[PDB]
Amino acid sequence: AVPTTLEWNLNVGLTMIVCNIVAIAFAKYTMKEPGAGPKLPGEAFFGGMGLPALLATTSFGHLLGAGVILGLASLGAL
Amino acid sequence: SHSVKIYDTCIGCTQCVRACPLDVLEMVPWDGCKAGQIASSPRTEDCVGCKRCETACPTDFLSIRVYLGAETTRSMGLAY
Amino acid sequence: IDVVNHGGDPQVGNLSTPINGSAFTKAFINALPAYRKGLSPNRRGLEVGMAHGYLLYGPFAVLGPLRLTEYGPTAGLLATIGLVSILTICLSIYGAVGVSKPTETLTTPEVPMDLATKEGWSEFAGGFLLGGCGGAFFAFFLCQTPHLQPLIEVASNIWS
Amino acid sequence: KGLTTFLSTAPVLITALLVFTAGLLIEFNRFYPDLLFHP
Amino acid sequence: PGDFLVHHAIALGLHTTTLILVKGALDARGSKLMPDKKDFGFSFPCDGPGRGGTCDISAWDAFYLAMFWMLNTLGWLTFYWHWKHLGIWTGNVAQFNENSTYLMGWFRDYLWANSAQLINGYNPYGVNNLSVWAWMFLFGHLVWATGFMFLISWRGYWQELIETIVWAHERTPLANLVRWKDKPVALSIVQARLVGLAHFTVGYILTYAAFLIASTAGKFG
Amino acid sequence: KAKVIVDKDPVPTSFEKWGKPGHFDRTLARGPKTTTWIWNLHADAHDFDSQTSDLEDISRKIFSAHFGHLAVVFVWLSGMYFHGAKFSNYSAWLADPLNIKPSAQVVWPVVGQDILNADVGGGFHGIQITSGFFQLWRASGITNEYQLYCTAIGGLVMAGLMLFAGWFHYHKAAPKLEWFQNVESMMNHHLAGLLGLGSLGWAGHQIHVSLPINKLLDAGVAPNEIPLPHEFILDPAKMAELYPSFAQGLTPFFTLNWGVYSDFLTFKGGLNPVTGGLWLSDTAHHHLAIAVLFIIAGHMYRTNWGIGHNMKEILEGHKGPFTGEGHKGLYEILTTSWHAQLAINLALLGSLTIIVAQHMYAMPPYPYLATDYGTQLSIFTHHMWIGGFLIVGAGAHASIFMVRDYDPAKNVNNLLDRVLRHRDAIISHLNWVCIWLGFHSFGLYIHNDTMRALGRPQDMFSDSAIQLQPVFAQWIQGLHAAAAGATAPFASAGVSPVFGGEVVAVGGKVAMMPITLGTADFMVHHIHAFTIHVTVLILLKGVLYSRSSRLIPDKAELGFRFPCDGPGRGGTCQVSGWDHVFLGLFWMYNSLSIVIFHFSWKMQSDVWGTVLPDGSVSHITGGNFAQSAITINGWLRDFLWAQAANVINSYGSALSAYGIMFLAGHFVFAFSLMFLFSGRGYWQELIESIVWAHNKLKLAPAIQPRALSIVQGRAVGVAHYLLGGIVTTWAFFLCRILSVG
Amino acid sequence: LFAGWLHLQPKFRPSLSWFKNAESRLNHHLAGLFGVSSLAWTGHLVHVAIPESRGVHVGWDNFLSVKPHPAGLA
Ligand code: CLA
Ligand code: CLA
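Residues numbered from 1 in each chain as written, not as in the entry; some residues may be left out. Chains lettered and ligands numbered in written order. Part of a larger assembly, values for the part shown. Heavy atoms only, no water. Residues with missing side-chain atoms left out of burial classes, pairs and counts.

Looking at the method and resolution fields of the entry, one finds cryo-EM and 2.7 Å.

Under its PDB header, the title given for this structure is "Trimeric Photosystem I from the High-Light Tolerant Cyanobacteria Cyanobacterium Aponinum".

Per the PDB entry, chain A is named Photosystem I reaction center subunit PsaK, and its organism is Cyanobacterium aponinum 0216.

Written as structure tokens, this is what we have:
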């Protein structure tokens, strides 16, 4: 019994981007030290976080996006 | 109550008194030793019988010697 | 907020936990036959013995050598009477040795002064005898008079 | 120089002695087995 | 050849039991570690952890440690008598004559072989006349193993345990009314050596009497 | 926050201290005046806290000793792979794994021990091993003995590398104290980098090596025409002809099209009908899933870059009304004391090894593991014994923490302080539950002995008699048997055939059956709970009463390892925290012996056995656990007397070494009681009598002979007791199961 | 019951200004108590009650699988 995994439509990428933005919002609301980081150009565009905080938010968005993409593929959304 | 008896082969090193956990022993002046003191056991009714004083005695056979006798509520060391 | 406090005196070896002495265990232990304020002995013992004789006709009536036999409830009654008599002899000799004032704890700051004497513990033992016999006979009568009473079918199907 | 003192200790020498004795007995019972008595 | 080795086992048992007994009888008045052993009498626990450690130095240690050796020697000789006479009475004397020269023949052809009708005194399929002997067999095992508790575990563990039990009694409601007249303490050191010795002994005689009687009564009965 | 800082060349590498024993302790360095010096040399050789007072030097010694221990373990593993490569029938076993026994040790013919070379099949004579190395190598995809020889060579190289690292981290570049205090980086690199990357690498191996080789093995291909695992990678056509989703590349992994990987990443659940082991697709999928989970968990803690936790504010925030202050002080406890860390890690590793034992019997991970009953019984028994030993060592090191590393200044009103404050309420209720469990677990057996002896089979606690059915465990078994398709909708079968289903059988023998639980299982599980609880009682009583008691209040100054305080207070014998470990070793022996007896009887009576062609299962003993495991006489007669008929009749056969070891363990158990029952003052006086006879013939030794100390007498007695009992049970189990299995 | 016990504890006892906050109470009572609850009952109706009236069992197992309309949320 395959879980109907939905091989790569554009809604998968849109959901991944949306959950990355959700991780941005959650980390901007809930993190304790987001300003730690060596350097990155354009700190105003990146919300004033350093590079490891950027990697943490993008990784958490990838976990959330993978979870919701597989879940909504198994349900039949997207 | 136990009997803590101190014999005359005592060098007055005070190790038995410092080893005693219930203040049974003390030092009295004594003319028969180089250190000028010998152990005495006045409040030997508080002796539990642990023989820590007999452990710390540096004589070939111990100048302080504990004889376990009648058992009281202090010899048993009972909090109840 | 420390819900686990001492009883007011920290160097006494006890703690006032919720189970020990909070609000609902100070009452209902001070309101049991032991530790109740107004009762005399031969009334504390009567209540305690009645409860004990009633509860002890549960592992003798349906759990015995005769439990598959119609003599089983009667044998359970006789065994409960014998155990109550042995316990009364134990209470009587415990009093006859000589009793001290009972231990005061955080749950029971006031213990019965009437149980601190040998005469009070003799009244307690006599009340325990009468209560145990009455409770055992009452449980026997209740279990025996409908002759099936399917509440006894429960916990005998378990104890098959 | 400090290694020969360690090899001269009691456990190392008792192990060497026991291995030598066991090896001598084992090499004897291989070449000359089953000697319950002297013939 | 199976009688030579058991006789030397018997000689070992008598010589060793004599060694504990002579050793404690002649060192009863005193010796190098404890010169004044006569002042404390025959039966005292120890003389403290000082002077290196002084457990079992009273002349009562001779009796206490020689009950074990006496029971072991009597076990050896009664196993000898029982197995030799079982070979004689059954009419097959060759079993003892070839299997008593090594200890697995003792362990198999005497213990395991003759415990068969013993342990089947009561089974799920019924009850024999040797059910009381199987029950005594298990009872002797239980008492003998309960002796190990007094002989291996020692006093202050149990005193520390009874202190918690005393706290639990005095702090619970409705049972702190019942107060002890004498303060519950652990069994003393000599007392517990004696209690474990008595358990070892009573279990020893009970389980061997059960095995002996059932082993030679399930066959010749 | 987390950086690498070391000291260069702190300890020179010289042999001058090799010839000076006792250099690590000041008291041991004065010279051996008595023989107690010799035993103190070994008793305090690894106690690094008593040697130096500086925690940095202690941590350096521990870090460098771990490498030497890893080198020893790698020498052992390389020796096992070398024995598989050179002195084994593994190539013969791979051809016919249903009629050839695994053997990896030949015995040299110098005396009559050539009989110990059992006839196991394929023209090979040797000892039938039960370690399960052969099934492990079959699950690893190893097809020939050269791959075992290469792994043995690699194990020797890795052992030499670990020895060089141990020399390097103590004599060339030794880390500082703050290199150990940052446990954040350590735990991140142990979760993601050791468990996560290790299970990811094993998942990749099981994808690329174990799965194709094992599918060709189960398909009926002989192992010497099976291709080597490197042309499966070099030529992906041969890798994609079976499990054809390797035709598409890695892009479905990266586009999250994981479902097309469902042919080789399954969640089948049950056992392989061909081999009796778990599906290797399930194991590869499992390792990939736990690799992702462990790598995710290894990004939790703050090391150098702001993101993460500090494991202190987690502890600081966890506080309630019943506790108050909470976990404050516990981070300093676990970052300044090595003994508290050892007590936690050893307890979790012991319970983990017990979990490993309880899991590998019910869900056998290896091909033809459940078929060979000897391997399964041996790995269960071995992992129970190792796990219980580690749990008792955890109790030991908690006791060592309490008197040597516990500081009351850092611990005011936290959890540890309050545990010390109500230790009487803890220990008394544990004592009550031990007494209750003893009565209502063992008095059931005593009652059953009595009623079976008195001719009252209807008054017993049996299935025919008064029933004691374990309704909660049966309900949980019913939940697990119906779990596939209802609460686990994407599982082909249940996790194990234990909870229900059908008899999984391979060859003619049963791999696994359902294990029905009745009155006997209820009663023996309550004995398990009872014995575990008493072991908990002794160990926890040693932990809580380690520093002080109502008997001896100044007990922390006496130390962890002291015999007694004296004959006073009635006699304060075995009061130390060490002596509670000494008693807990006896009680773990009792507990785990009952556990492995329950296993060896329940599986032999109700799981293991042959399959008749009609379909019914004829078990080894015949299902006598239902009626005989309720009585002590049934355990003595139908288990100990009946199943030791193989170990005592093994003489003159290939299993006679097991009868020899059976008698040897009986000897060592009886030998233990000389040390356990007697005391030091007997033996000191006996040695005094021997010293005069030596003095008479000028045979006075310079090192004066002393009797063993009281703690050492107890240690020798308990080590001999455990050794003699465990060797006895090992011999009995292995000779029974190598004859009936 | 646990909420009522909790709001008698002095940590969670609301202040007098919270009780007399009429503007927030009205907003959360019209939007949440009256609007969100009616929206949730609409969700139950279109998800459970209307398909069970049409013979389609839903339950808690199939409401993520049975789509209430053939054109669902498009
Ligand atoms: C068969 C051997 C044996 C037996 C009987 C015991 C008995 C006991 N051990 Mg153990 N123990 C043993 C050997 C034994 N041990 C040895 C070898 C050592 C290892 C060194 C110790 C050391 C030890 C320690 C370290 C501890 C114990 C504890 C306990 C108690 C557990 C509580 C319990 O089960 O109560 C129930 C009693 C039983 C199950 C025994 C059988 C009794 C039956 C069921 C009842 C029959 C009574 C009968 C009807 C009375 C009427 C007869 C009348 C004529 C008097 C119990 C008294 C623990 C303890 O006391 O704390 C709770 C503990 O701390 N043991
Ligand atoms: C959106 C968030 C939210 C929601 C859902 C609630 C919910 C509620 N608040 Mg609350 N409140 C909130 C936030 C919220 N409040 C805020 C932020 C403030 C702070 C200013 C307050 C301050 C506050 C106060 C001070 C009080 C409440 C109270 C209550 C309860 C009202 C009584 C009740 O249960 O009637 C529920 C009634 C309905 C859902 C139906 C209302 C009547 C309908 C519209 C008529 C038609 C019915 C319809 C035909 C359906 C029929 C049913 C069916 C059988 C056919 C209710 C649980 C009281 C309380 O403590 O209760 C525990 C109270 O004392 N709240």
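Student: Describe the overall build of chain A, with residues and values.
Tutor: Each helix and strand counted, chain A has two helices and zero strands in total. Expected size for 78 residues packed as a compact globule is a radius of gyration near 12 Å; at 15 Å, chain A overshoots this value by more than 25%. For chain A, long-range pairs separated by at least 24 residues make up 59% of all intrachain contacts whose partners lie at least 6 apart in sequence. (Helix = DSSP H or I, 4+ residues; strand = E, 2+ residues; numbered from the N terminus. Rg over C-alpha atoms; globule rule 2.2 N^0.38 Å. Contact = heavy atoms within 4.5 Å.)

Student: Residues and numbers for the interface of chain F and chain B, please.
Tutor: The accessible area lost on association of the parts is a frequent measure of interface size. Contacts between chain F and chain B engage 12 residues on the former and 11 residues on the latter. Interface area for chain F against chain B, summed over the two sides, is near 810 Å², with a carbon-plus-sulfur share of 51%. Scanning the region where chain F abuts chain B turns up three salt bridges. Between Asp554 of chain F and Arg52 of chain B there is a salt bridge whose closest N-O contact spans 3.1 Å. Summed over the shared surface of chain F and chain B, the result is five residue pairs in polar contact. Taken together, the residues of the side of chain F that touches chain B break down into four nonpolar, three polar and five charged. (Buried area = accessible area lost by both parts, 1.4 Å probe. Salt bridge = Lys/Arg side-chain N within 4 Å of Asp/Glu carboxyl O. Polar contact = N/O pair within 3.5 Å; in protein donor to acceptor, adjacent residues only side chain to side chain. Nonpolar A, V, L, I, M, F, W, Y, C, P; charged D, E, K, R; others polar.)

Student: I'd like a description of the arrangement of the chains, backed by residues and values.
Tutor: Summarising the chain contacts, nine pairs of chains touch, and the pair with the most contacts is chains E and F. Kept free of each other, chain A and chain D leave a smallest C-alpha distance of 53 Å between them.

Student: Residue-level account of the nonpolar core, with values.
Tutor: Among soluble globular proteins, nonpolar side chains are generally buried collectively. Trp635 and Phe677 of chain F are the most contacted members of the largest nonpolar core, which has 146 residues in total. At 15 residues, helix α21 (residues 577-606) of chain F tops the list of elements feeding residues into this core. Excluding residues that lie within four positions of it along the chain, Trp635 of chain F makes contacts with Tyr445, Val524, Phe597, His598, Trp601, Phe625, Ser628, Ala629 and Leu640 of chain F. Within the second largest apolar cluster, 16 residues are counted, among which are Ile10, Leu86, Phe137 and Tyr208 of chain E. (Core = buried A, V, L, I, M, F, W, Y, C linked by side-chain atoms within 4.5 Å. Buried < 20%, exposed > 50% of the residue type's maximum accessible area, 1.4 Å probe, protein only.)

Student: Can you tell me about the packing of helix α1 (residues 10-30) of chain A against helix α2 (residues 51-75) of chain A, naming the residues and giving the values?
Tutor: All names here are of chain A. Across the interface, α1 lies against α2 with an axial gap of 8 Å and an inter-helix angle of 130 degrees. Classified by the angle their axes make, α1 and α2 are oblique. Both α1 and α2 take part in a crossing whose hand is right-handed. Only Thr57, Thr58, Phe60, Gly61, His62, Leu64, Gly65, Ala66, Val68 and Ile69 of α2 make contact with α1, whose side of the interface consists of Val12, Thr15, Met16, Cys19, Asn20, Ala23, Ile24, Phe26 and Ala27. (Axes fitted to C-alpha atoms, helices over the stretch in contact; angles between N-to-C directions. Parallel < 35°, antiparallel > 145°, perpendicular 65-115°, else oblique. Left-handed = near helix turned anticlockwise from the far one by under 90°.)

Student: I'd like to hear about helix α18 (residues 423-453) of chain F, residue by residue, with values.
Tutor: Residues and elements named next belong to chain F. A rise of 1.5 Å per residue sets the reference length of α18, with its 31 residues, at 45 Å; its end C-alpha atoms lie 43 Å apart and thus fit the reference within 8%. Residue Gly443 marks the point of greatest curvature in α18, where the axis turns by about 30 degrees. Just downstream of α18, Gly455 is the residue with a positive phi angle, here 70 degrees. (Expected span 1.5 Å × (residues − 1). Bend = angle between axes of the 7 residues up to and from the residue.)

Student: Requested: an account of the site of ligand 2, with residues and values cited.
Tutor: Residue and element names in this part refer to chain G. Every residue near ligand 2 is listed here: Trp18, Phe19, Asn21, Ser24, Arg25, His28, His29, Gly32, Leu33 and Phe34. Counting residues per element, the ones that place at least two in the shell around ligand 2 are α2 (16-19) and α3 (22-53). The dominant element in the shell around ligand 2, judged by the number of residues it contributes, is α3, at seven residues. Class assignment of the residues belonging to the shell around ligand 2 gives a composition of four nonpolar, five polar and one charged. (Near = heavy atom within 4 Å.)

Student: I'd love a proper account of the interface of chain E and chain F, names of residues and values included.
Tutor: Across the boundary between the two partners, chain E contributes 62 residues, which contact 68 residues of chain F. Contact between chain E and chain F buries roughly 5500 Å² in total, counting both sides, with carbon and sulfur atoms accounting for 70%. Interface area lost by chain E to chain F is led by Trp112, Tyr157 and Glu160 of chain E, which between them contribute 13%. Viewed at the interface, chain F and chain E are joined by two salt bridges. With a closest N to O distance of 2.4 Å, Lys555 of chain F and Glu160 of chain E form a salt bridge. Taken together, chain E and chain F are joined by 28 residue pairs in polar contact. Looking at the side of chain E that touches chain F, the elements that each hand over two or more residues are α1 (4-26), α2 (60-90), α4 (103-114), α5 (116-119), β1 (122-123), α6 (131-152), α7 (155-171) and α8 (189-217) of chain E. Here the side of chain E that touches chain F gets 11 residues from one element, more than from any other, and that element is α7 of chain E. Taken together, the residues of the side of chain E that touches chain F sort by class into 38 nonpolar, 14 polar and 10 charged.

Student: Could you give an account of the pairing of strand β4 (residues 64-67) of chain B, naming the residues involved and the relevant values?
Tutor: All names here are of chain B. Burial along β4 is two-sided: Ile64 and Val66 and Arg65 and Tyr67, pointing in opposite directions, are all buried. Pairing between strand β1 (residues 3-6) and β4: four bridges, direction antiparallel. Bridge assignment links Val4 to a residue of β4, and that residue is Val66. (Pairing = 2+ DSSP bridges.)

Student: How would you summarise the sheet that holds strand β3 (residues 118-119) of chain F if you had to cite specific residues and measurements?
Tutor: The antiparallel open sheet is built from three strands, whose spatial order is β2-β4-β3 (chain F). Edge positions in the sheet fall to β2 (103-105) and β3 of chain F, since each has one partner strand and no second.

Student: Can you tell me about the pattern of salt bridges, naming the residues and giving the values?
Tutor: In total, this model carries 44 salt bridges over all chains according to the counting rule given. Between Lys410 of chain F and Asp407 of chain F there is a salt bridge, and its shortest N-O distance comes to 3.7 Å. Connected via shared salt-bridge partners are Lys51, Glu54 and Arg65 of chain B together with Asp36, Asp47 and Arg51 of chain E.

Student: Can you explain the side chain of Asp449 of chain F? Please cite residues and give values.
Tutor: Following the sequence through the fold, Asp449 of chain F ends up in helix α18. Within the buried core, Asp449 of chain F has no salt-bridge partner, and the shortest N-O distance to an opposite charge, that of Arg452 of chain F, equals 7.1 Å. Within the structure, the side chain of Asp449 of chain F is placed 3.4 Å from the backbone nitrogen of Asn633 of chain F, a separation counted as a polar contact. Excluding its chain neighbours within four sequence positions, the residues that come into contact with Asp449 of chain F are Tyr122, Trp135 and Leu138 of chain E together with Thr631, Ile632 and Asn633 of chain F. (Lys, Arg positive; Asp, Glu negative; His and termini not counted.)

Student: Break down a nonpolar patch on the surface for me, citing the residues and quoting the values.
Tutor: Residues and elements named next belong to chain F. A cluster of nonpolar side chains, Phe82, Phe87, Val106, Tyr146, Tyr149, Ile153 and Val157, forms an exposed patch at the surface whose accessible area comes to about 620 Å². At four residues, the largest contribution of residues to the nonpolar patch is made by helix α6 (residues 145-171). Of note, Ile153 is situated in helix α6. We classify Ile153 as partly exposed; its relative accessible area is 39%. (Patch = residues over 30% accessible without salt bridge, like charges linked within 9 Å, V, L, I, M, F, W, Y side chains within 5 Å. Areas by Shrake-Rupley, 256 points an atom, 1.4 Å probe, with all protein chains shown as cover.)

Student: Go over the packing of aromatic side chains with me, naming the residues and quoting the values.
Tutor: In this structure the tally under the stated criterion is 95 aromatic pairs over all chains. With a centroid separation of 5.0 Å and 85 degrees between ring planes, the pair formed by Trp18 of chain G and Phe19 of chain G is classed as edge-to-face. Given the relative accessible area of 55%, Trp18 of chain G is considered exposed. Among the residues examined, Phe19 of chain G registers a relative accessible area of 44% and is labelled partly exposed. A cation over an aromatic ring shows up here: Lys23 of chain E above the ring of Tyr682 of chain F, its NZ or CZ 3.8 Å from the ring centre. Above the ring of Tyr149 of chain F, the side-chain terminus of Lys86 of chain F is found at 4.9 Å from the ring centroid. (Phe/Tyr/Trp six-rings, centres within 6.5 Å; stacked < 30°, edge-to-face > 60°. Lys NZ or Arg CZ within 6 Å of the ring centre and 35° of its normal.)

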